[PDB]
*Asks:* 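A single structure is presented below for examination.
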Amino acid sequence: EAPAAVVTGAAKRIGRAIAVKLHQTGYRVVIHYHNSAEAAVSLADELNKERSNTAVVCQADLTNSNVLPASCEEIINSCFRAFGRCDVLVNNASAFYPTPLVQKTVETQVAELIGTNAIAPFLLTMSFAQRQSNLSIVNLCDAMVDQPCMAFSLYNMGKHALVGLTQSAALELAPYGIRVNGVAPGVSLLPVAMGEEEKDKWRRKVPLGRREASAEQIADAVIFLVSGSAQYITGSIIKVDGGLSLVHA
Amino acid sequence: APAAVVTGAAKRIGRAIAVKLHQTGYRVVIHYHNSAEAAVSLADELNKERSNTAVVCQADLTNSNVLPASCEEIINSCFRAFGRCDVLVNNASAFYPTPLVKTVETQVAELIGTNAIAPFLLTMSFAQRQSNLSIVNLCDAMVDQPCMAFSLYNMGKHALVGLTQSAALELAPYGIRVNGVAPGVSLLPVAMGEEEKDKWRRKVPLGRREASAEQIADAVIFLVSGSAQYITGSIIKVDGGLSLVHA
Amino acid sequence: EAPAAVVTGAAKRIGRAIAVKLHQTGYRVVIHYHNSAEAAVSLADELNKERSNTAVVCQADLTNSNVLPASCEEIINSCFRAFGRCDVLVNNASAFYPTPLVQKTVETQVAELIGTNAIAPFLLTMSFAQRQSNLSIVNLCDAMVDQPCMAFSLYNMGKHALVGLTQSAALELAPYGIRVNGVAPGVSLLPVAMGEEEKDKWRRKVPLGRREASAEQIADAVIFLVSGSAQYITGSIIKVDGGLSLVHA
Amino acid sequence: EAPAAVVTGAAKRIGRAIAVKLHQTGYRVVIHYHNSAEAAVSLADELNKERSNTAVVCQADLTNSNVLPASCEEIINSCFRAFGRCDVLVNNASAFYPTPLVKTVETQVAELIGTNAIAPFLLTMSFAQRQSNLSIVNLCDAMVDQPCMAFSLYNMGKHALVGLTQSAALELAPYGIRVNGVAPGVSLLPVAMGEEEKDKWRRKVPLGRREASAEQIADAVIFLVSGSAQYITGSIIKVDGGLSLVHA
Ligand SMILES: NC(=O)c1ccc[n+]([C@@H]2O[C@H](COP(=O)([O-])OP(=O)(O)OC[C@H]3O[C@@H](n4cnc5c(N)ncnc54)[C@H](OP(=O)(O)O)[C@@H]3O)[C@@H](O)[C@H]2O)c1
Ligand SMILES: NC(=O)c1ccc[n+]([C@@H]2O[C@H](COP(=O)([O-])OP(=O)(O)OC[C@H]3O[C@@H](n4cnc5c(N)ncnc54)[C@H](OP(=O)(O)O)[C@@H]3O)[C@@H](O)[C@H]2O)c1
Ligand SMILES: NC(=O)c1ccc[n+]([C@@H]2O[C@H](COP(=O)([O-])OP(=O)(O)OC[C@H]3O[C@@H](n4cnc5c(N)ncnc54)[C@H](OP(=O)(O)O)[C@@H]3O)[C@@H](O)[C@H]2O)c1
Ligand SMILES: NC(=O)c1ccc[n+]([C@@H]2O[C@H](COP(=O)([O-])OP(=O)(O)OC[C@H]3O[C@@H](n4cnc5c(N)ncnc54)[C@H](OP(=O)(O)O)[C@@H]3O)[C@@H](O)[C@H]2O)c1
Ligand SMILES: CC1(C)N=C(N)N=C(N)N1c1ccc(Cl)cc1
Ligand SMILES: CC1(C)N=C(N)N=C(N)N1c1ccc(Cl)cc1
Ligand SMILES: CC1(C)N=C(N)N=C(N)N1c1ccc(Cl)cc1
């Protein structure tokens, strides 16, 4: 009776807020994680305290490799194993770090940045569709893909490829009743490693409130796109950026 | 309760928007141009649900020397009736072909005046008269793959995307968010024949579902809600995937 | 015979550079102007000294009004009266000034900023098509239309509408063999009234050389689009912005 | 004195036209190829008959793998070894075939994302590291936002190439390297395709109801590498006869 969702990178930050808000809406959740085992299990424990048997964890590395298709098939399979269905996929996990063009091996950088941001979403989409209502996939995009950060070529390529996937999968999966959309943050929760001065630099750029989005504000757009209020929406990407992408240099 | 202005609210998409805002708890101004009977019938229905929660406002939104005063009056009607104006929905729109190969300047006044200049003037008036404030502009998901011989209409819809972006930036400091909803094929022109309507329906990837005014209104309701408090300068397509479909 | 071109706002600045470059390519030109009669006649004199009977002037206000259609018809007629043909239309004339949303009448600002930037290009395009080899129209667009200057709503609306005209006219006129394209500068010749301090702030934003485009660099892109090297190009807008539109806030 | 350029997938079709027009403009050329050795050598012999010692060939698979970075470094090095300089890189090579959501999938990923995006990335890195008018031109696709059904990996690769074009234009602009794209709509159609199917495509094109020639695509590439485009970076020129403007 209750629908079920997979959220990638759901242990912390935006993915956690998405998983929590889906669970609040009535979903059973698969909390995917890679390194954040403690936080994953903690979250599943909390959700299960709320409604028993409504949350599981699933560990996987989403770096590209010849075994990534099996890892992605396993994530989707974990949903069916736990809940007997899989109604929603949220592709949220993402590696992010600079890859300067002018001077980990570069092949590892490609595997991680293109794998987590683009290839794992594609394979997760394949596995979701093959295993199949209000079914839908939501991809976490980037509102700044056309005004990218200096020296983040590979990350930017991965996020552009994720827009292409959102469009192509929305076209191809529409006859199966699967809607595919994206949510594109601008600045939301800033990197843990970032200093306060640098954080404030980014905050001051945002027209609407001179502040970053909360994780919950991003989650609210995901909730809309999976909801019955979005059943004619497919192939759309909703920027949640407080106006940041409108701001010239 | 908060209050909303919906332009072109007597029929079709704008009526669906007005109904859903009302259902969410807003008081509404139902703007109309030629559709007085329909506007009053809707206000009658809404007032039966909650009395003195819906009023009507007549105005022609063709561009002219008097359009700024007309737009000011629409916003003023909200403040008079309700003491505030939280939401502006720019939905009124003229649509018809203007082949390159009514005088042309009347077509300009109507196509560019209703789809762009009236939204601009209403935005200025709404901002000047100022919570969760926001404006939602009814855009068009096919602005970059336009209908043949619809130059002026397409120019007006592009101008409305520019207004969306420019107004979002400039009003962000006032806490006013400005967003768009871009339908694809929704309620077809009543005029349009049935064979041509079916031809369109067949091209929609999600076309197993019918397009409805309610679906458009649902996107409007999200963007005015507290669930969209960080969203400004965004246009949400509601087109069933149609804009993805190559020739 | 030599082909002929109309260039709007061609007395000074970018429009003059486009006229000169088309003239040096072998075109006969109509130099449209509004207020700059001395500069317009002076340019026509210089071009006619290089090749006799190859340049005329044509005066017109391109503000929107009930007479603008006739003014636009007359510009195109001027080209056919002087030269017997009209192969190229360059829509360069443009008004630009702030129109703040929160505080000339506003209806005047609308007439000027939407008239010169969008309605007069539409009417000129209608007249050019109706009066009809390598025929094309080039619209001077703006590379920063999606990252606009604060308080320039009406200017921005008119430049967006010009993108819409570029696309719509390309689609509709393709069957008649008329191509319609745009050139979108970032920062090129800065306003004459701008102080050097302010000019430098803009220059410093430009990735490629930290300087504005020369008028000739903009004209080079126009010359390509009218040439036989662009014979399959229609509905395209070429940014000529040194990377400015890629730079985040 | 003469500048030099690397063109990937240069033995046939669009890449061959680009190589010829660059040579005609006065460049020395590296003709990269993967499987089309006879055609690559035929072109290099033609070009060298026109002007001695102006064309070489370089073979490489541009599928993604652990050796792809070395391969791409070797292609750029081939230009420096042959000509002493490398002024232009044209990322033209491309795999294209359907990958329906409903060869192993990881081979399809390596091929479609490697040739269309990762090789251009690695070649761009190699080009920039090794450095009058330097530029890179990436062959994009005007239909990236209205994609052919069941081509998700190809479309993801071409979108990633738009991101590379923008990100590389921004990062390389301080070194005076410009990075731009040319996005065909329908140009030379696949060799297998029957005329009836080719005509279905041709009839969709507003401007002339025909596909672009390879030379038409090449002309946009020649503009972007020229002195006439010295302020243009991060731009992608659609060469598509209006095709992308046509609704369903
Ligand atoms: N935060 C923003 O300002 C912002 C801006 C633009 C776009 N976004 C997008 O929104 C989504 C959420 O952002 P966020 O800041 O919450 O992300 P985040 O904290 O940087 O990362 C999300 C999760 O990704 C997982 N991840 C990283 N590498 C992985 C790998 N190799 N295999 C599997 N999982 C891996 C990590 O899981 P473990 O912790 O379990 O290792 C991580 O917690 C991301 O897609 C991001 O690109 C965010
Ligand atoms: N498939 C679709 O329906 C579709 C597709 C794309 C975009 N849209 C956009 O969505 C919005 C609503 O669509 P719709 O089909 O419901 O619109 P519509 O029925 O065609 O027109 C809505 C209202 O516009 C008002 N209007 C027309 N000319 C006017 C003028 N000179 N002054 C004042 N009002 C005027 C009319 O009000 P009166 O009846 O009171 O005179 C009309 O009822 C429009 O902005 C439209 O462009 C709709
Ligand atoms: N310059 C830049 O950095 C830049 C950046 C982005 C876009 N652009 C676009 O590129 C084009 C050329 O730029 P620019 O700086 O050379 O333009 P500009 O000097 O600001 O204006 C060009 C001409 O427009 C004509 N004009 C102004 N109002 C008019 C009216 N009411 N009726 C008829 N003509 C009118 C004027 O002719 P008279 O002098 O004869 O009165 C003026 O010389 C414009 O479309 C502009 O928007 C330029
Ligand atoms: N033709 C069109 O209509 C059209 C439309 C849109 C975009 N484009 C783009 O324009 C470019 C030229 O198009 P085209 O039709 O001439 O291309 P094409 O003939 O399909 O392919 C170009 C060359 O790509 C090379 N290539 C394929 N797989 C490779 C691999 N694993 N490693 C190295 N090289 C490989 C091949 O070289 P070998 O022959 O030596 O093996 C092939 O000759 C492509 O980027 C394409 O995506 C073309
Ligand atoms: C690093 C972080 C948080 N994480 C991912 N996965 N993607 C981003 N875009 N991020 C991000 C990077 C820089 C800034 Cl300023 C904001 C968010
Ligand atoms: C004022 C000027 C020169 N002129 C027009 N018609 N359009 C612009 N965009 N301009 C412009 C405005 C600001 C800057 Cl910074 C550069 C050019
Ligand atoms: C196969 C071909 C020629 N080759 C590549 N590398 N890319 C494309 N986009 N192509 C293409 C595919 C279909 C059509 Cl209709 C036209 C060109």
Side-chain angles (χ1 to χ4, degrees), chain B residues 100-101, chain C residues 2-11 13-34 36-37 39-45 47-48 50-60 62 69-93 120-140 165-166 169-170 173-174 176-183 215-216 218-231 233-234, chain D residues 207:
Chain B
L100 289 166
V101 174
Chain C
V6 166
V7 184
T8 62
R13 292 169 61 88
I14 290 156
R16 170 169 170 142
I18 294 161
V20 167
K21 191 170 300 276
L22 287 157
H23 189 262
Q24 292 173 338
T25 302
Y27 283 79
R28 295 174 292 163
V29 298
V30 175
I31 293 146
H32 158 278
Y33 69 97
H34 176 219
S36 294
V41 173
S42 179
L43 171 59
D45 289 344
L47 302 173
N48 281 309
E50 168 72 21
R51 298 190 312 275
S52 64
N53 302 314
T54 55
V56 295
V57 308
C58 179
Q59 197 279 338
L62 300 174
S71 293
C72 295
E73 185 166 69
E74 169 63 8
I75 293 166
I76 299 306
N77 279 343
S78 286
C79 196
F80 280 86
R81 177 192 309 138
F83 303 128
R85 54 192 291 172
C86 179
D87 296 275
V88 163
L89 168 63
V90 178
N91 288 301
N92 167 83
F122 159 80
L123 291 169
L124 285 159
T125 295
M126 284 186 75
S127 290
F128 176 95
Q130 283 171 26
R131 275 288 239 130
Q132 297 306 325
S133 96
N134 173 24
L135 301 178
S136 75
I137 302 172
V138 178
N139 290 329
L140 271 290
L165 177 57
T166 302
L173 303 179
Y176 301 78
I178 296 163
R179 296 179 299 103
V180 185
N181 294 289
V183 172
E216 196 175 335
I218 303 311
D220 278 333
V222 179
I223 276 309
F224 169 71
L225 285 169
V226 306
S227 83
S229 300
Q231 65 181 143
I233 300 180
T234 197
Chain D
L207 193 66

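By convention in this document, chain letters (A, B, ...) are assigned in the order of the sequence lines, proteins followed by strands, and residues within each chain are numbered from 1.
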*Asks:* In the structure I gave you, are the side-chain heavy atoms of C:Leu173 and C:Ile137 within less than 4.5 Å of one another anywhere?
*Replies:* yes
*Asks:* Taking all non-hydrogen atoms of both residues, which atom of C:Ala19 and which atom of C:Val29 are closest, and how far apart?
*Replies:* O-CG1, 3.8 Å
*Asks:* Sub-3.5 Å donor-acceptor pair from the side chain of C:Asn48 to the main-chain atoms of C:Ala55, do we have one?
*Replies:*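 At least one qualifying donor-acceptor pair exists.
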*Asks:* Mind listing the closest non-hydrogen atom pair of C:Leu62 and C:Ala93 along with its distance?
*Replies:*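 Closest approach of C:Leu62 to C:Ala93: CD1-CB, 3.9 Å.
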*Asks:* Any donor and acceptor pair, going by atom type alone, linking the side chain of C:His32 with main-chain N or O of C:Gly9 inside 3.5 Å?
*Replies:*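 A pair under 3.5 Å: yes.
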*Asks:* Could you list the residues that satisfy side chain to side chain donor-acceptor pair (under 3.5 Å) with C:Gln231, not counting sequence neighbours?
*Replies:*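 In terms of side chain to side chain donor-acceptor pair (under 3.5 Å), with neighbours along the sequence ignored, C:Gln231 is linked to D:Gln216.
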*Asks:* Is any side-chain heavy atom of C:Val20 less than 4.5 Å from a side-chain heavy atom of C:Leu43?
*Replies:* yes
*Asks:* Tell me which donor-acceptor pairs under 3.5 Å the side chains of residues 72-83 of chain C have, and how far apart each pair is, sequence neighbours excluded?
*Replies:*
from, atom 1, to, atom 2, distance (Å)
C:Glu74, OE1, C:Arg81, NH2, 2.9
C:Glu74, OE2, C:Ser78, OG, 3.2
C:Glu74, OE2, C:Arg81, NH1, 2.9
C:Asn77, OD1, C:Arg131, NE, 2.7
C:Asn77, OD1, C:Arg131, NH2, 2.7
C:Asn77, ND2, C:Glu73, O, 3.4
C:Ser78, OG, C:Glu74, O, 3.0
C:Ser78, OG, C:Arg81, NH1, 3.3

*Asks:* Suppose we screen for side chain to side chain donor-acceptor pair (under 3.5 Å). Which residues come up paired with C:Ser136, at least two apart in sequence or across chains?
*Replies:*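 So C:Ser136 forms no side chain to side chain donor-acceptor pair (under 3.5 Å) with any residue.
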*Asks:* Are any side-chain N or O atoms of C:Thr8 and backbone N or O atoms of C:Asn92, one a donor and one an acceptor, separated by less than 3.5 Å?
*Replies:*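 Yes: the side chain of C:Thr8 pairs with the backbone of C:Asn92.
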*Asks:* Regarding C:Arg179 and C:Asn134, do their side chains bring together a donor and an acceptor under 3.5 Å, going by distance alone?
*Replies:* yes
*Asks:* Please name the pair of heavy atoms, one in C:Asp87 and one in C:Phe128, separated by the smallest distance, quoted to 0.1 Å.
*Replies:*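 C:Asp87 and C:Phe128 have their closest heavy atoms at O-CZ, 3.5 Å.
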*Asks:* Would you confirm whether C:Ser42, through its side chain, and C:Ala39, through its main-chain N or O, come within 3.5 Å as a donor-acceptor pair?
*Replies:* no
*Asks:* Would you say C:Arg51's side chain and C:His23's backbone share a donor-acceptor pair under 3.5 angstrom?
*Replies:*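 Such a contact is found between C:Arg51 side chain and C:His23 backbone.
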*Asks:* Give me the atom names and distance for the closest heavy-atom approach of C:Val7 to C:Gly15.
*Replies:*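 Scanning both residues completely, I find the closest heavy atoms to be CG1-O, 3.6 Å.
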*Asks:* Looking only at non-hydrogen atoms, find the nearest pair between C:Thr125 and C:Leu165 and report the distance.
*Replies:*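 Taking C:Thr125 first and C:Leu165 second, the nearest heavy atoms are OG1-CD2, 4.3 Å.
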*Asks:* Give a yes or no answer on whether the side chain of C:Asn181 reaches the backbone of C:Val138 with a donor-acceptor pair at less than 3.5 Å.
*Replies:* no
*Asks:* Counting neighbours of CD on C:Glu216 that are heavy atoms of other residues, nucleotides or ligands and sit closer than 6.0 Å, is the number greater than 12?
*Replies:* no
*Asks:* Return the minimal non-hydrogen interatomic distance between C:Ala5 and C:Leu22, and the atom names on each side.
*Replies:* CB-CD1, 4.0 Å
